[PDB]
Amino acid sequence: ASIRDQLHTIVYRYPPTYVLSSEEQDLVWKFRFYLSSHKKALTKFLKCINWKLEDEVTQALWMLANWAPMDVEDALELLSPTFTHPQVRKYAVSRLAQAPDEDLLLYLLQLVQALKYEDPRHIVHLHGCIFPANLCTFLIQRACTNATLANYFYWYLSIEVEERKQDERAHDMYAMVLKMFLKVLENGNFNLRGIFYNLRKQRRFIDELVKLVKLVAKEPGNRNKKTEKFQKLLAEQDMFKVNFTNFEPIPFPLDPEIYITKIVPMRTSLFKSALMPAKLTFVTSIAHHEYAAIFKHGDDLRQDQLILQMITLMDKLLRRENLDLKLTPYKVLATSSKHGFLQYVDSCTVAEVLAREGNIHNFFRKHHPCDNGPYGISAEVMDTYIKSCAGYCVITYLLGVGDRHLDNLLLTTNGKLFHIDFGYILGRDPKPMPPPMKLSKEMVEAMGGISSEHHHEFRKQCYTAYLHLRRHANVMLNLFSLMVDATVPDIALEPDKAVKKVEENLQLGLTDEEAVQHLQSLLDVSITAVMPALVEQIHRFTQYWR
Amino acid sequence: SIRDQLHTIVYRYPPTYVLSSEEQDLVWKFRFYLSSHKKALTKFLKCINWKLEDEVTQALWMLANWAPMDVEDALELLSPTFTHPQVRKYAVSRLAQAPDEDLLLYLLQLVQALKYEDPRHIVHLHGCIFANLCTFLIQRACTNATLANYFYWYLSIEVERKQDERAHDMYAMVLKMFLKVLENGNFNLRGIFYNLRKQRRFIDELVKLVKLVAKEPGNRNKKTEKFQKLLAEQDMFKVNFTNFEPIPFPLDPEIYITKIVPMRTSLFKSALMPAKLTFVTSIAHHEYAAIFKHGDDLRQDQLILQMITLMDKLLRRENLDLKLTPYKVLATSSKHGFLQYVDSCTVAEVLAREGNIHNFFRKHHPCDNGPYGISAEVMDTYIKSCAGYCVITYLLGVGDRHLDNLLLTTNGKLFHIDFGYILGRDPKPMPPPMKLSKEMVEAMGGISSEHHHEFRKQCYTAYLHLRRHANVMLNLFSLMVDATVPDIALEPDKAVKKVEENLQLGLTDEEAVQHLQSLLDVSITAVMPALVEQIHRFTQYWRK
Ligand SMILES: COc1ccc2c(nc(NC(=O)c3cccnc3)[n+]3cc[nH]c23)c1OC
Ligand SMILES: COc1ccc2c(nc(NC(=O)c3cccnc3)[n+]3cc[nH]c23)c1OC
Numbered sequence: 291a292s293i294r295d296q297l298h299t300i301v302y303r304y305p306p307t308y309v310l311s312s313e314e315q316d317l318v319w320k321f322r323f324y325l326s327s328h329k330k331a332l333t334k335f336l337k338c339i340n341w342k343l344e345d346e347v348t349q350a351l352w353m354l355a356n357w358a359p360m361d362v363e364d365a366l367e368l369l370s371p372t373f374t375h376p377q378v379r380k381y382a383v384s385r386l387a388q389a390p391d392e393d394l395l396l397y398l399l400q401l402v403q404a405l406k407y408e409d410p411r412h413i414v415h416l417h418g419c420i421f422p531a532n533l534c535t536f537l538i539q540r541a542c543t544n545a546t547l548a549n550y551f552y553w554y555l556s557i558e559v560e561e566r567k568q569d570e571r572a573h574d575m576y577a578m579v580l581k582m583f584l585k586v587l588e589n590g591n592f593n594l595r596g597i598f599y600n601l602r603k604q605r606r607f608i609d610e611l612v613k614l615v616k617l618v619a620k621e622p623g624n625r626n627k628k629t630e631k632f633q634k635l636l637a638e639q640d641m642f643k644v645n646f647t648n649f650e651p652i653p654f655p656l657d658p659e660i661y662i663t664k665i666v667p668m669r670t671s672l673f674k675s676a677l678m679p680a681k682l683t684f685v686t687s688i689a690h691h692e693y694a695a696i697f698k699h700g701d702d703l704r705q706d707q708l709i710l711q712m713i714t715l716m717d718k719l720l721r722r723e724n725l726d727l728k729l730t731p732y733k734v735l736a737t738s739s740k741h742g743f744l745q746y747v748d749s750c751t752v753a754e755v756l757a758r759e760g761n762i763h764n765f766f767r768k769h770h771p772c773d774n775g776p777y778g779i780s781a782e783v784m785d786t787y788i789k790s791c792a793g794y795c796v797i798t799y800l801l802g803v804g805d806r807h808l809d810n811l812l813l814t815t816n817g818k819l820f821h822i823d824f825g826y827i828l829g830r831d832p833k834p835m836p837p838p839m840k841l842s843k844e845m846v847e848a849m850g851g852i853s854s855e856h857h858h859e860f861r862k863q864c865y866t867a868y869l870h871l872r873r874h875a876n877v878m879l880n881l882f883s884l885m886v887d888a889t890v891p892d893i894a895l896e897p898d899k900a901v902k903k904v905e906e907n908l909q910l911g912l913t914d915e916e917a918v919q920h921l922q923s924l925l926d927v928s929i930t931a932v933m934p935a936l937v938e939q940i941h942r943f944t945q946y947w948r
Numbered sequence: 292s293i294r295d296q297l298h299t300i301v302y303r304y305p306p307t308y309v310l311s312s313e314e315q316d317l318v319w320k321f322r323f324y325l326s327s328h329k330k331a332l333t334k335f336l337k338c339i340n341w342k343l344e345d346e347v348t349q350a351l352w353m354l355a356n357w358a359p360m361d362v363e364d365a366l367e368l369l370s371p372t373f374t375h376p377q378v379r380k381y382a383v384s385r386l387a388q389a390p391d392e393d394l395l396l397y398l399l400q401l402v403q404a405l406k407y408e409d410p411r412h413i414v415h416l417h418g419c420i421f531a532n533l534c535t536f537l538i539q540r541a542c543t544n545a546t547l548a549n550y551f552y553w554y555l556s557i558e559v560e566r567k568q569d570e571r572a573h574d575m576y577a578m579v580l581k582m583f584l585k586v587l588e589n590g591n592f593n594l595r596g597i598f599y600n601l602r603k604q605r606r607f608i609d610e611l612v613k614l615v616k617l618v619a620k621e622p623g624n625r626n627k628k629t630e631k632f633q634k635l636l637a638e639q640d641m642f643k644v645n646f647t648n649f650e651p652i653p654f655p656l657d658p659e660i661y662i663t664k665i666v667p668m669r670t671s672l673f674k675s676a677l678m679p680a681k682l683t684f685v686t687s688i689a690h691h692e693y694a695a696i697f698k699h700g701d702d703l704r705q706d707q708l709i710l711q712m713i714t715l716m717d718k719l720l721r722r723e724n725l726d727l728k729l730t731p732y733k734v735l736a737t738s739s740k741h742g743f744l745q746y747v748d749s750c751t752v753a754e755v756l757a758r759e760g761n762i763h764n765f766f767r768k769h770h771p772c773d774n775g776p777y778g779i780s781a782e783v784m785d786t787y788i789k790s791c792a793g794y795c796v797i798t799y800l801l802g803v804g805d806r807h808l809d810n811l812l813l814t815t816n817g818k819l820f821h822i823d824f825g826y827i828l829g830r831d832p833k834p835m836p837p838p839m840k841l842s843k844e845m846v847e848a849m850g851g852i853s854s855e856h857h858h859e860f861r862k863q864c865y866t867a868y869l870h871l872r873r874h875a876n877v878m879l880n881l882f883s884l885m886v887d888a889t890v891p892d893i894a895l896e897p898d899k900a901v902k903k904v905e906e907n908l909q910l911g912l913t914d915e916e917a918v919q920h921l922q923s924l925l926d927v928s929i930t931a932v933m934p935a936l937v938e939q940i941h942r943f944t945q946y947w948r949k
């Protein structure tokens with residue numbers, strides 16, 4: 291029938307972590323031979339066969355070789371811990387190889403995590419080959543071809559390697579992977595050797611930077627005294643193995659593409675933030691262009707990088723759809739945990755804006771005034787602000803960010819708001835009862851209250867964003883499937899529910915009409931609870947029945 | 292082409308529109324051709340009379356040829372907007388085709404519509420007694545006996566500003582003529598006429614007696630005992646109340662009445678006090694109970710009941726039996742009427758009597774396996790009745806709801822009793838947009854309940870259906886502009902405009918549903934004490 295396939299389009303193309311396929315498995319088994327439709331299909335057939343019969347393997351493997359080729363994102367799942375079979379894993383690696391480098395970088399964090407799942411004997415056989531395509535040989539081969547990839551690959555492995567349970571099994575494995583990668587570069591040729599020297603430079607440079615930060619932390623003083631001490635140390639030359647006011651050009655670790663040269667001491671500040679991170683500036687190799695970054699000594703950033711990848715990727719997904727909310731997905735890396743960098747975007751924390759200029763409208767109006775509309779605020783600015791908001795409420799909801807407040811959100815003079823400091827993930831909040839959506843009175847007034855052409859514009863935008871994201875779920879879920887054993891604090895409290903929790907937020911059961919209605923619901927409770935008048939109005943309604 | 296869809300939007304959607312005034316006369320080129328469908332016609336007419344001498348002759352040829360009319364268009368054409376005598380003739384030829392039952396519903400508005408010109412038609416007929533509109537109403541009035549009844553009483557309230570004086574004059578001509586055509590008739594007319602006389606004589610007699618129960622001061626009990634002896638004592642009024650000749654009940658013509666029963670009459674708790682009397686039906690010593698109220702003009706309430714009745718019919722033709730109860734109401738004159746009475750307890754009553762609503766349903770219809778010890782279908786009739794009434798209340802902007810206002814039957818239907826406040830008007834400062842007792846929602850089993858989800862689902866679909874049949878209601882209300890209902894009178898112009906916002910026709914259906922959900926959410930949390938406490942904690946969050 292058509293009803294026969296109608297049952298199948300639902301299964302071929304709905305969730306990638308459902309067990310649900312039970313009797314259904316056999317239905318696919320037979321139509322499978324006739325219609326190996328698309329890449330989407332292959333992921334589903336694989337799930338049922340391998341483990342139970344020794345012979346099934348032979349028939350399915352032949353199907354896979356002929357099958358319409360899997361998409362890189364669907365391929366990720368195969369590297370998951372659920373699929374053991376050595377033959378299918380090789381296939382996934384072949385899919386990755388076909389993908390362009392830009393795509394490889396997004397996932398790289400996941401792939402590094404993926405190493406655990408891939409079998410130990412593959413890692414040791416290679417070690418034997420060097421010292422006295532399987533995935534891991536592959537990651538190294540590619541890391542070497544392209545300099546930026548080498549940089550990221552190195553920094554991810556390095557966080558893993560530094561110093566119990568399963569931790570010994572994985573630390574030992576990663577330690578080994580890194581040693582092999584460094585030995586391949588030391589040996590390679592000009593280009594490979596060249597990569598090796600630049601890493602050496604990055605590594606040496608940070609240690610000196612870290613040494614310096616540690617001296618600043620010791621000397622006692624309020625922030626201002628501490629920052630003055632910081633300015634002086636950088637400008638002290640030959641106190642340090644690297645001399646800051648000038649050095650030899652180093653590929654910035656945060657961005658390999660840009661070299662640095664010097665740092666400018668006067669331009670460096672420290673943040674109000676309770677862990678006291680520097681801003682730094684550098685000049686860089688071309689026409690003394692500034693760059694700044696932050697550099698943070700007190701926390702581990704691994705969790706923050708994961709979320710930023712999550713935001714970075716989501717923005718890409720919507721931009722492909724031609725939905726562009728002006729989100730800022732700033733670069734994080736951590737170095738070895740407890741330090742890291744972050745890209746700095748010029749912005750102002752919301753609370754700063756409110757203390758310094760009465761309300762948000764005044765602030766845009768100051769930077770971008772246009773008498774006519776909408777608020778004497780240049781039209782675009784308003785629009786970009788509306789869009790940035792929609793983008794974040796939906797993105798925050800899916801990732802269950804919590805512990806948001808005025809210190810945590812910022813504005814820009816263009817308009818965008820963005821978030822920062824995702825210390826609390828997947829519904830952990832220090833307060834007993836978060837609102838489902840995280841908006842502020844200050845922010846809603848920015849839109850003009852409930853009927854604004856503008857507020858209506860915002861809700862509409864969230865709905866379309868939510869719907870678009872629901873569609874691209876498979877990619878996000880597999881990426882989380884791969885962070886099970888991640889060593890992100892928020893994930894570790896219950897790793898099993900890590901992926902289960904994002905699925906619930908995604909609300910994949912419901913129809914589109916239903917999904918919007920459900921989301922619509924969350925915004926409303928949150929906005930009513932935020933607005934002073936809306937609560938007065940509800941008290942009045944309670945009063946009506948007396 | 293692509294104009295094919297944009298065409299169908301002006302056919303199926305817009306109900307009364309300025310929209311595209313330059314575009315009014317541009318649909319014209321492709322208009323001669325797609326005259327093929329019925330609804331098109333109503334829109335066709337809105338544009339052509341706007342210019343002087345010439346379109347006129349060509350458009351009727353278009354009109355006479357046009358795919359024929361649904362009755363609803365016709366309501367639009369009787370209205371004060373379309374002035375042309377042919378189109379009004381046309382509208383009447385449409386009415387002619389409608390079955391009597393339909394004329395019954397629209398009948399109330401039709402009496403009103405006659406209020407629009409031409410006066411010349413009525414004075415010509417006056418010169419003619421001593531199918532234009534009035535002539536039509538009369539002639540059909542005589543055709544049907546139940547119909548004739550309603551017509552008469554509707555006119556009689558109206559004859560009982567400086568332009569309330571001019572139409573009143575017109576109304577008297579129309580009533581008197583009707584009565585004159587009745588005397589002159591063949592047997593059956595005179596039979597109806599005679600009946601109308603009997604009815605009046607009787608009403609005036611009950612009125613004087615009723616006047617004599619209020620004239621006496623004292624306790625509520627003293628006035629009811631007085632009421633029993635007044636009806637008991639034969640022949641002090643020329644109509645004898647413990648027995649008289651078979652009369653067709655004025656409120657409901659089909660039932661015949663012999664007498665009242667005095668021991669059965671009781672008097673209600675309200676400050677201005679309504680009586681509940683039993684009557685006997687001419688047939689089978691069956692009884693019919695009703696209420697007779699002495700205080701106010703009931704024209705407002707009857708309008709709402711027409712509306713309820715109308716809405717139920719549409720939904721039932723949709724096979725949503727929402728289990729509405731639309732009891733019959735008639736105003737005899739301003740300050741007296743009859744209301745069908747339906748056995749029921751008022752919610753507040755049900756609550757003193759039983760802790761909560763389930764106990765009540767549980768006592769009358771218990772089943773051990775039925776959801777909350779009740780027959781599954783009793784709970785269902787309840788959910789559905791609730792749903793209907795939240796939607797209907799909403800479109801109609803009924804305010805003043807409280808627990809003496811909402812009655813409940815032993816069977817489960819919920820219904821609203823009293824309609825002093827319409828189209829938003831409410832004594833209280835802020836109405837909730839939807840009216841739900843805490844007690845009503847606990848009766849569902851809380852926001853948690855499955856039944857509660859069925860409740861909500863029912864409201865959206867009810868709402869969606871009624872939206873589809875907007876045209877019918879909007880025309881009916883357009884004819885109620887100069888109505889004499891207190892709440893249209895305050896803002897006559899804006900009155901019709903208010904129902905039209907409730908329908909929210911601007912919105913596509915996903916949007917419409919959404920909007921409605923919103924109203925329900927507000928109103929429900931407001932009532933629940935735990936949902937409020939939760940809004941409280943969220944408020945607490947940003948604060949710090
Ligand atoms: C004026 O204050 C800030 C301006 C820009 C900032 C900004 N902070 C940023 N990052 C953070 O301070 C941060 C802390 C902890 C974990 N993740 C991020 N950050 C990342 C990209 N742009 C910015 C400012 O401090 C409130
Ligand atoms: C328990 O008290 C009542 C039970 C049934 C009643 C009922 N009252 C009804 N009508 C009225 O009381 C009424 C007053 C003013 C305007 N419209 C209706 N009414 C309309 C149809 N069924 C019923 C009861 O009194 C509170």
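Heads up: the sequence lines are chains A and B, in that order.
Mind the numbering: the first sequence is residues 291 to 422, 531 to 561, 566 to 948 in the entry's author numbering, read in order.
Mind the numbering: the second sequence is residues 292 to 421, 531 to 560, 566 to 949 in the entry's author numbering, read in order.
A virtual CB, placed ideally from N, CA and C, is assigned to each residue, including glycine.
Query: DSSP three-state label for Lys899 (chain B), please.; Result: helix
Query: Output yes or no for whether 8 Å exceeds the beta carbon distance between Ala781 (chain B) and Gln863 (chain B).; Result: no
Query: Please confirm if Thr647 (chain B) has its CB atom under 8 Å from at least one CB of chain A.; Result: no
Query: When you compare only the Cα positions, how much space is there between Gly623 (chain B) and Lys631 (chain B)?; Result: 11 Å
Query: In the DSSP output, which residue or residues are listed as bridge partners for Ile696 (chain A)?; Result: A:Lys681, A:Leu744
Query: Residue 517 (chain A) lies in the alpha helix (DSSP H); which residues open and close that run?; Result: In the model shown, chain A runs from 422 to 531 with nothing in between, leaving residue 517 (chain A) without coordinates.
Query: Say whether the region 575-587 of chain A touches the region 758-771 of chain A, bearing in mind that this needs 3 or more beta-carbon pairs closer than 8 Å, one atom from each stretch.; Result: no
Query: If we count the other Cβ atoms within 10 Å of its Cβ and call it buried at 16 or more, is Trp352 (chain A) buried or exposed?; Result: exposed
Query: Along chain B, in chain order, which residues have C-beta atoms closer than 7 Å to that of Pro837 (chain A)?; Result: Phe943, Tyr946
Query: Indicate whether at least one CB of chain B lies closer than 8 Å to the CB of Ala931 (chain A).; Result: yes
Query: Thinking just about the alpha-carbon of each residue, which of B:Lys843, B:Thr786, B:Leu310, B:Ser326 is nearest to the one in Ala753 (chain B)?; Result: B:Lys843
Query: Return the CA-CA distance between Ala637 (chain B) and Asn648 (chain B), expressed in angstroms with no decimal places.; Result: 10 Å
Query: Which bits of chain A does residue 564 (chain B) rub up against, with CB to CB less than 7 Å?; Result: Examination of chain B shows a numbering gap from 560 to 566; residue 564 (chain B) is inside it and therefore has no coordinates.
Query: Taking all protein chains shown into account, do 16 or more other C-beta atoms lie within 10 angstroms of the C-beta of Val904 (chain B), making it buried, or fewer, making it exposed?; Result: buried
Query: For the pair the region 769-789 of chain A and the region 665-685 of chain A, tell me if three or more CB-CB distances fall below 8 Å.; Result: no
Query: Using only alpha-carbon positions, find the residue among B:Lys616, B:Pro658, B:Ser311 that is nearest to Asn549 (chain B).; Result: B:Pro658
Query: For the region 908-921 of chain A and the region 537-549 of chain A, state whether three or more C-beta atom pairs, one from each stretch, are separated by less than 8 Å.; Result: no
Query: Look at the Cβ atom of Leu533 (chain A), then the Cβ atom of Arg379 (chain A), and state whether they are nearer than 8 Å.; Result: yes
Query: Mind checking whether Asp914 (chain A) and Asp926 (chain B) have CB atoms under 8 Å apart?; Result: no
Query: Looking only at its chain, what residues have a beta carbon closer than 7 Å to the beta carbon of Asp809 (chain B), apart from the 5 residues adjacent to it on each side?; Result: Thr751, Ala753
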